[PDB]
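entry-v3.pdb follows (PDB, N, CA and C atoms):
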```pdb
ATOM      1  N   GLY A   1      62.991  77.524 -65.957
ATOM      2  CA  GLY A   1      64.162  78.371 -65.659
ATOM      3  C   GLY A   1      64.305  78.599 -64.159
ATOM      4  N   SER A   2      65.357  78.039 -63.552
ATOM      5  CA  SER A   2      65.666  78.195 -62.132
ATOM      6  C   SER A   2      65.904  79.670 -61.767
ATOM      7  N   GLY A   3      65.682  80.016 -60.499
ATOM      8  CA  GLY A   3      65.870  81.355 -59.958
ATOM      9  C   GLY A   3      65.520  81.362 -58.474
ATOM     10  N   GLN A   4      65.620  82.527 -57.828
ATOM     11  CA  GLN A   4      65.237  82.674 -56.429
ATOM     12  C   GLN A   4      63.736  82.412 -56.290
ATOM     13  N   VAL A   5      62.901  83.143 -57.039
ATOM     14  CA  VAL A   5      61.449  83.048 -56.912
ATOM     15  C   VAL A   5      60.995  81.640 -57.309
ATOM     16  N   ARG A   6      60.075  81.106 -56.509
ATOM     17  CA  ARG A   6      59.542  79.752 -56.552
ATOM     18  C   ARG A   6      58.204  79.780 -55.814
ATOM     19  N   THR A   7      57.503  78.653 -55.790
ATOM     20  CA  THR A   7      56.178  78.510 -55.203
ATOM     21  C   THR A   7      56.138  77.162 -54.482
ATOM     22  N   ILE A   8      55.251  77.060 -53.494
ATOM     23  CA  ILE A   8      55.140  75.923 -52.577
ATOM     24  C   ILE A   8      53.726  75.325 -52.696
ATOM     25  N   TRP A   9      53.506  74.130 -52.136
ATOM     26  CA  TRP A   9      52.184  73.500 -52.057
ATOM     27  C   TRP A   9      52.093  72.668 -50.767
ATOM     28  N   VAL A  10      52.579  73.221 -49.653
ATOM     29  CA  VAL A  10      52.605  72.505 -48.379
ATOM     30  C   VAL A  10      51.201  72.450 -47.771
ATOM     31  N   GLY A  11      50.941  71.387 -47.009
ATOM     32  CA  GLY A  11      49.682  71.148 -46.313
ATOM     33  C   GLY A  11      49.658  71.785 -44.922
ATOM     34  N   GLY A  12      50.317  72.940 -44.758
ATOM     35  CA  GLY A  12      50.281  73.721 -43.527
ATOM     36  C   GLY A  12      50.840  72.961 -42.322
ATOM     37  N   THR A  13      51.908  72.178 -42.504
ATOM     38  CA  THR A  13      52.621  71.544 -41.405
ATOM     39  C   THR A  13      53.196  72.672 -40.535
ATOM     40  N   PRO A  14      53.115  72.618 -39.193
ATOM     41  CA  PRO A  14      53.693  73.643 -38.324
ATOM     42  C   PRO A  14      55.165  73.954 -38.626
ATOM     43  N   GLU A  15      55.934  72.951 -39.066
ATOM     44  CA  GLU A  15      57.349  73.118 -39.365
ATOM     45  C   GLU A  15      57.524  73.901 -40.668
ATOM     46  N   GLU A  16      56.679  73.639 -41.666
ATOM     47  CA  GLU A  16      56.768  74.284 -42.971
ATOM     48  C   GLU A  16      56.204  75.705 -42.871
ATOM     49  N   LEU A  17      55.156  75.894 -42.063
ATOM     50  CA  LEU A  17      54.630  77.204 -41.686
ATOM     51  C   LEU A  17      55.689  78.048 -40.976
ATOM     52  N   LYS A  18      56.676  77.435 -40.310
ATOM     53  CA  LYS A  18      57.785  78.169 -39.710
ATOM     54  C   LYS A  18      58.846  78.427 -40.776
ATOM     55  N   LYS A  19      59.457  77.366 -41.311
ATOM     56  CA  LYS A  19      60.632  77.481 -42.173
ATOM     57  C   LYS A  19      60.320  78.267 -43.437
ATOM     58  N   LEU A  20      59.237  77.930 -44.137
ATOM     59  CA  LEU A  20      58.978  78.520 -45.445
ATOM     60  C   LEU A  20      58.468  79.950 -45.287
ATOM     61  N   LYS A  21      57.762  80.276 -44.197
ATOM     62  CA  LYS A  21      57.441  81.672 -43.891
ATOM     63  C   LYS A  21      58.725  82.464 -43.650
ATOM     64  N   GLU A  22      59.723  81.880 -42.986
ATOM     65  CA  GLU A  22      61.012  82.536 -42.814
ATOM     66  C   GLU A  22      61.658  82.782 -44.180
ATOM     67  N   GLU A  23      61.616  81.821 -45.107
ATOM     68  CA  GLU A  23      62.122  82.003 -46.467
ATOM     69  C   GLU A  23      61.348  83.101 -47.206
ATOM     70  N   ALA A  24      60.026  83.186 -47.028
ATOM     71  CA  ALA A  24      59.216  84.246 -47.616
ATOM     72  C   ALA A  24      59.682  85.611 -47.115
ATOM     73  N   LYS A  25      59.899  85.740 -45.804
ATOM     74  CA  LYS A  25      60.397  86.971 -45.199
ATOM     75  C   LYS A  25      61.833  87.255 -45.644
ATOM     76  N   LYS A  26      62.672  86.223 -45.795
ATOM     77  CA  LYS A  26      64.110  86.403 -46.007
ATOM     78  C   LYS A  26      64.444  86.661 -47.473
ATOM     79  N   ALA A  27      63.694  86.074 -48.409
ATOM     80  CA  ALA A  27      64.030  86.060 -49.831
ATOM     81  C   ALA A  27      62.877  86.536 -50.726
ATOM     82  N   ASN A  28      61.762  87.012 -50.150
ATOM     83  CA  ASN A  28      60.572  87.539 -50.842
ATOM     84  C   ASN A  28      59.815  86.498 -51.681
ATOM     85  N   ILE A  29      60.242  85.235 -51.650
ATOM     86  CA  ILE A  29      59.705  84.178 -52.495
ATOM     87  C   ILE A  29      58.230  83.884 -52.167
ATOM     88  N   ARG A  30      57.482  83.322 -53.128
ATOM     89  CA  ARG A  30      56.053  83.070 -52.931
ATOM     90  C   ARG A  30      55.889  81.932 -51.938
ATOM     91  N   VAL A  31      54.864  82.026 -51.098
ATOM     92  CA  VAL A  31      54.423  80.941 -50.235
ATOM     93  C   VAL A  31      52.896  80.970 -50.208
ATOM     94  N   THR A  32      52.292  79.786 -50.201
ATOM     95  CA  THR A  32      50.856  79.577 -50.079
ATOM     96  C   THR A  32      50.715  78.289 -49.269
ATOM     97  N   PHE A  33      49.896  78.309 -48.220
ATOM     98  CA  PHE A  33      49.830  77.237 -47.237
ATOM     99  C   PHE A  33      48.397  76.705 -47.231
ATOM    100  N   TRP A  34      48.193  75.475 -47.711
ATOM    101  CA  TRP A  34      46.869  74.864 -47.774
ATOM    102  C   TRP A  34      46.550  74.170 -46.453
ATOM    103  N   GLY A  35      45.270  74.144 -46.081
ATOM    104  CA  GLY A  35      44.753  73.350 -44.970
ATOM    105  C   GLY A  35      44.430  71.935 -45.456
ATOM    106  N   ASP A  36      45.338  71.344 -46.240
ATOM    107  CA  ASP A  36      45.155  70.060 -46.914
ATOM    108  C   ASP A  36      44.841  68.946 -45.915
TER
END
```
If you took the structure in this file and wrote it as structure tokens, what would it be?
Amino acid sequence: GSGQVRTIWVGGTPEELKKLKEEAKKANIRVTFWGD
């Protein structure tokens, strides 16, 4: 079921650490950043 809340599996790219952290701040959505 689609919705605002979602989850990530990024390997801690500096760009994704910027953009998706902004989405976490902007939309309260889950973020978790692996040192993959």
Task: Gap from CA of residue 16 (chain A) to atom C of residue 28 (chain A) - Å, one decimal - done: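 Computing the Euclidean distance for CA of residue 16 (chain A) and atom C of residue 28 (chain A) yields 15.3 Å.
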Task: Selection dump of the PyMOL selection byres (((chain A and resi 8 and name CA) around 12) and name CA), as JSON, numbers by chain - done: {"A": [5, 6, 7, 9, 10, 11, 12, 16, 17, 19, 20, 21, 23, 24, 29, 30, 31, 32, 33, 34]}
TODO: Would you mind reading off the distance between atom N of residue 14 (chain A) and atom N of residue 1 (chain A), one decimal, in Å?
DONE: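 Between these atoms lies a distance of 28.9 Å.
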- [ ] Can you check which residues of chain A DSSP gives as helix (DSSP H, G or I) on the backbone and send them as JSON, numbers by chain?
- [x] {"A": [14, 15, 16, 17, 18, 19, 20, 21, 22, 23, 24, 25, 26, 27]}
Supply region 13-32 of chain A as an mmCIF file, in the frame of the given file, with N, CA, C and O atoms built in where the input has gaps.
```cif
data_model
loop_
_atom_site.group_PDB
_atom_site.id
_atom_site.type_symbol
_atom_site.label_atom_id
_atom_site.label_comp_id
_atom_site.auth_asym_id
_atom_site.auth_seq_id
_atom_site.Cartn_x
_atom_site.Cartn_y
_atom_site.Cartn_z
ATOM 1 N N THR A 13 51.908 72.178 -42.504
ATOM 2 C CA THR A 13 52.621 71.544 -41.405
ATOM 3 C C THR A 13 53.196 72.672 -40.535
ATOM 4 O O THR A 13 53.758 73.608 -41.108
ATOM 5 N N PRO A 14 53.115 72.618 -39.193
ATOM 6 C CA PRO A 14 53.693 73.643 -38.324
ATOM 7 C C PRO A 14 55.165 73.954 -38.626
ATOM 8 O O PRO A 14 55.596 75.098 -38.484
ATOM 9 N N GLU A 15 55.934 72.951 -39.066
ATOM 10 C CA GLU A 15 57.349 73.118 -39.365
ATOM 11 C C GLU A 15 57.524 73.901 -40.668
ATOM 12 O O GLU A 15 58.390 74.767 -40.765
ATOM 13 N N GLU A 16 56.679 73.639 -41.666
ATOM 14 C CA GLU A 16 56.768 74.284 -42.971
ATOM 15 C C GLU A 16 56.204 75.705 -42.871
ATOM 16 O O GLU A 16 56.775 76.637 -43.434
ATOM 17 N N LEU A 17 55.156 75.894 -42.063
ATOM 18 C CA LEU A 17 54.630 77.204 -41.686
ATOM 19 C C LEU A 17 55.689 78.048 -40.976
ATOM 20 O O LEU A 17 55.602 79.272 -41.032
ATOM 21 N N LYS A 18 56.676 77.435 -40.310
ATOM 22 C CA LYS A 18 57.785 78.169 -39.710
ATOM 23 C C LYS A 18 58.846 78.427 -40.776
ATOM 24 O O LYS A 18 59.098 79.579 -41.129
ATOM 25 N N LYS A 19 59.457 77.366 -41.311
ATOM 26 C CA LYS A 19 60.632 77.481 -42.173
ATOM 27 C C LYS A 19 60.320 78.267 -43.437
ATOM 28 O O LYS A 19 61.062 79.183 -43.783
ATOM 29 N N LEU A 20 59.237 77.930 -44.137
ATOM 30 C CA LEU A 20 58.978 78.520 -45.445
ATOM 31 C C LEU A 20 58.468 79.950 -45.287
ATOM 32 O O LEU A 20 58.769 80.788 -46.131
ATOM 33 N N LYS A 21 57.762 80.276 -44.197
ATOM 34 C CA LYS A 21 57.441 81.672 -43.891
ATOM 35 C C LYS A 21 58.725 82.464 -43.650
ATOM 36 O O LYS A 21 58.818 83.603 -44.102
ATOM 37 N N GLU A 22 59.723 81.880 -42.986
ATOM 38 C CA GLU A 22 61.012 82.536 -42.814
ATOM 39 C C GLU A 22 61.658 82.782 -44.180
ATOM 40 O O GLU A 22 62.131 83.883 -44.423
ATOM 41 N N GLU A 23 61.616 81.821 -45.107
ATOM 42 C CA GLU A 23 62.122 82.003 -46.467
ATOM 43 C C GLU A 23 61.348 83.101 -47.206
ATOM 44 O O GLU A 23 61.961 83.907 -47.904
ATOM 45 N N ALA A 24 60.026 83.186 -47.028
ATOM 46 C CA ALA A 24 59.216 84.246 -47.616
ATOM 47 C C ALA A 24 59.682 85.611 -47.115
ATOM 48 O O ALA A 24 59.891 86.528 -47.909
ATOM 49 N N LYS A 25 59.899 85.740 -45.804
ATOM 50 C CA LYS A 25 60.397 86.971 -45.199
ATOM 51 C C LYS A 25 61.833 87.255 -45.644
ATOM 52 O O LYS A 25 62.184 88.420 -45.842
ATOM 53 N N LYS A 26 62.672 86.223 -45.795
ATOM 54 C CA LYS A 26 64.110 86.403 -46.007
ATOM 55 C C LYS A 26 64.444 86.661 -47.473
ATOM 56 O O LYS A 26 65.388 87.404 -47.744
ATOM 57 N N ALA A 27 63.694 86.074 -48.409
ATOM 58 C CA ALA A 27 64.030 86.060 -49.831
ATOM 59 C C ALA A 27 62.877 86.536 -50.726
ATOM 60 O O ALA A 27 63.004 86.469 -51.947
ATOM 61 N N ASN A 28 61.762 87.012 -50.150
ATOM 62 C CA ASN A 28 60.572 87.539 -50.842
ATOM 63 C C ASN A 28 59.815 86.498 -51.681
ATOM 64 O O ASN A 28 58.864 86.841 -52.385
ATOM 65 N N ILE A 29 60.242 85.235 -51.650
ATOM 66 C CA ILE A 29 59.705 84.178 -52.495
ATOM 67 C C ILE A 29 58.230 83.884 -52.167
ATOM 68 O O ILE A 29 57.754 84.198 -51.070
ATOM 69 N N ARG A 30 57.482 83.322 -53.128
ATOM 70 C CA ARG A 30 56.053 83.070 -52.931
ATOM 71 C C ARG A 30 55.889 81.932 -51.938
ATOM 72 O O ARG A 30 56.623 80.944 -51.999
ATOM 73 N N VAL A 31 54.864 82.026 -51.098
ATOM 74 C CA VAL A 31 54.423 80.941 -50.235
ATOM 75 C C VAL A 31 52.896 80.970 -50.208
ATOM 76 O O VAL A 31 52.287 82.043 -50.200
ATOM 77 N N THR A 32 52.292 79.786 -50.201
ATOM 78 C CA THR A 32 50.856 79.577 -50.079
ATOM 79 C C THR A 32 50.715 78.289 -49.269
ATOM 80 O O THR A 32 51.376 77.295 -49.574
#
```
